[PDB]
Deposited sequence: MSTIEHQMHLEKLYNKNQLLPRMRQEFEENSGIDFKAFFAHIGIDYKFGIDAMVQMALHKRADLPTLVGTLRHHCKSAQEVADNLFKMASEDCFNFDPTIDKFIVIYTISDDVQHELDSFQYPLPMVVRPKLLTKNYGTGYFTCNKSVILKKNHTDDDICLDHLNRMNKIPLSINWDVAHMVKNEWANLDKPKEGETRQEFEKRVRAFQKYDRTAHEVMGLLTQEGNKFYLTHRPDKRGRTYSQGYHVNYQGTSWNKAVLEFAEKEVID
């Protein structure tokens, strides 16, 4: 039942990986048939969808920024920028020469954007994270990526013992502090804080107790994983977290 809830949370996270979920909005969910149109203007299918996706993310983007995300599709940096001109002239999005940027035309629905805002980032686990025994897997039951942050994998010893020791600290939400910020911070964005509570409530559906997963960078600094709930990161974030195992101080 908490195991079931945990599988549900991971199910939500896996469906809302940013870029694959955005692509769906331009493939199987668009009224527009981008496959046919991209054939028409002679633009590679996967390239065009990715450019549409990058524009729905950035909203506005200068040329070096947009070519960076797409460089891996072509043998040349130049080929990428040409394809982008071809798409801008065919009204896939606009380029305004007076500000030297691209401006989006086709953006994802608000309903899909809210799911991405809620679930694209890892959440705490509501069961004990898996014991780590190799440098793959980050504590969850369905991920087996390199545990080291960014593209820095090794199979040499990276002190799994520390991650395993941090991963089993049980934590909980202090709802008293969490309500204070929403009620009292403005006299001390609004859209952002709206999704925090939905996630925190969903998170704690089977009880106010959960665990943060931990990953090392290449140097061995240790980072707790998650955006909405994290004792690292913002001051408005730290304040809400406490130990699940309370104690009488004396």
Take the full deposited sequence, match it to the modelled residues, and report the stretches without C-alphas. 1, 190-207
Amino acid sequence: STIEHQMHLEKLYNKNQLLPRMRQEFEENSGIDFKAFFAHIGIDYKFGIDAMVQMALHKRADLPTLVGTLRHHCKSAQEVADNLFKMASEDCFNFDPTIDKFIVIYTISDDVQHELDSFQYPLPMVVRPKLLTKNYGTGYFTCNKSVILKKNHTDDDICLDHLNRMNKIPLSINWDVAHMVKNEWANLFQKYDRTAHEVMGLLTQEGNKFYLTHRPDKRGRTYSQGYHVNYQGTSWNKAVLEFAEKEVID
From here on, numbers count along this sequence of modelled residues.
Mean CA temperature factor from the deposited coordinates, higher in 30-38 or in 210-218? 30-38
Ranked by mean Cα B-factor in the entry, 87-95 and 128-136, top stretch is 87-95
Most elevated Cα B-factor in the entry, residues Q54, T204, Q225, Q190: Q190
When you compare the CA B-factors of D161, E79, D155, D117 as listed in the entry, which one comes out on top? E79
Sorting by Cα B-factor within the chain, modelled residues only, which third would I249 end up in: lowest, middle or highest? highest
On the chain's distribution of Cα B-factors, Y231 falls within the third called lowest
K101 - which third its CA temperature factor falls in, relative to the rest of the chain: highest
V177, C-alpha B-factor rank within chain (lowest, middle or highest third): middle
Please place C143 in the lowest, middle or highest third of its chain by C-alpha B factor as given in the entry. highest
